[PDB]
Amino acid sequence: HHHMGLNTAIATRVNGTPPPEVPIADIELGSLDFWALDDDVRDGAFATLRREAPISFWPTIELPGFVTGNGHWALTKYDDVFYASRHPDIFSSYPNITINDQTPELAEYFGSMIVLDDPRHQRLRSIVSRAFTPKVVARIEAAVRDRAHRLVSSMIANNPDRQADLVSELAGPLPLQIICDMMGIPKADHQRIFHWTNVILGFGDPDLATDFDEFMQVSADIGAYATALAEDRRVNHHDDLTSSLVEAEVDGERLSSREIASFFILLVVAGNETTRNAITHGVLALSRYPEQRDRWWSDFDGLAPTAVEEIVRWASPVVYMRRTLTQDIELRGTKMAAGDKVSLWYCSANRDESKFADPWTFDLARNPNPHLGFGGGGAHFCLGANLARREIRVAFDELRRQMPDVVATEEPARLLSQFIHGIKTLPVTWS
């Protein structure tokens, strides 16, 4: 520090360091306050559970407007999360995939294929899945590239002090534009969409929304938007996913307005509130472990496949998904009852010491890397996984190309969420 100035790269950390030991008595998965604690507390809590109570029961976190809910069995081991994901006849995605349940009012907006089992779930998924296949994603690679390139160049041109928030200037707007363009949403409305999806998956964080009436107004507003755009596409076809939604028939039946709106919402919410956190956590990790940045930069194309997977394993942007038992089962000597909720902790599966060597090492060469960041596999395996991998790869490639020494200057402001491993802001600087 020879001169004081506006910033200083954040502290680095020793790669491979396990979290400080968290006593099992300190673990409060049913307290919102617990989810505000830093990753070291949270990661150490799940390490303790994997060792000492790998399946355990916790209460639902109550937020304003939430339906009173029974507790949930937390599956913290990789093998259990994998098994549960692969056996939906036992571990149903109905009636919901967060720990709390939907009100009847919310079902008008959130009753999509992600809270349905087969057969209906697969019939719905097939309406859009062609757009998400690798060969079709390849067609929009150039657009993903152009968006990332323009955003990083704008960071440089419009921040002459050479600092900016990575989330608002790259990590958020790159995946936002891509998924909204796939839906056919005009660019003028993308920021409106993003505000809505930020609220939908930010509820309970004071920086996003805590008033349930505001949450219900946002849900109604994005639903009305979806419906208005769908009515547009009913009269004038475009080559976008909203047109695919309104033109689809399942066994001779069009989708209802409810079904179209919830499908639209599912797609933009998932597209907007996942990859941005993989990217932001990735930049945080590069800032903490510069030897990993240096390695990747010296061989970007060679390491990119494994680097992208390790960023998803490290970030685990979706912390968990819920299921509901259709029958009694016993796992690890723990009897769970038909009708009980079960939570699949991907954040924990992705540190499981029985499955991953050196789990606390951010290793951009890690291979194989059978992480559960996109879920355990099975019927609901992330629809956007190919697209997310390309978004992540291109974001880091443009940072490497245009501002290779980009580094965080403050610790991230973390989203208060049990479900989404969100970073709200990440100030960065570059030369």
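Residues carry their position along the shown sequence, with the first being 1.
Can you tell me which stretch has the higher mean Cα B-factor, 366-374 or 398-406? For C-alpha atoms only, the mean B-factor is higher in 398-406.
Going by the B-factors listed in the PDB entry, is the mean over the C-alpha atoms higher for 77-85 or for 132-140? Here the higher of the two C-alpha B-factor means belongs to 132-140.
Tell me which of 266, 200, 329, 115 tops the list for C-alpha B factor in the record. Most elevated C-alpha B-factor of the set, per the entry: 329.
Maximum C-alpha temperature factor per the entry, among 382, 61, 379, 387, belongs to which one? Within the set 382, 61, 379, 387, 379 shows the top C-alpha B-factor.
Chain third (lowest, middle, highest) by recorded CA B-factor, residue given as residue 27: It falls in the top third of the chain.
Compare the C-alpha B factor of residue 152 with those of the other modelled residues in its chain, then answer lowest, middle or highest third. It belongs to the middle third of the chain when residues are ordered by C-alpha B-factor.
Lowest, middle or highest third: which one holds residue 166 when the chain's residues are ordered by CA B-factor from the entry? Ranked within chain, residue 166 CA B lands in the lowest tercile.
Would you mind ranking residue 49 by its C-alpha B-factor against the rest of the chain and naming the third, lowest, middle or highest? Middle third, going by the recorded CA B-factors of the chain.
Chain third (lowest, middle, highest) by recorded CA B-factor, residue given as residue 349: Lowest third - that is where residue 349 ends up once the chain's C-alpha B-factors are sorted.
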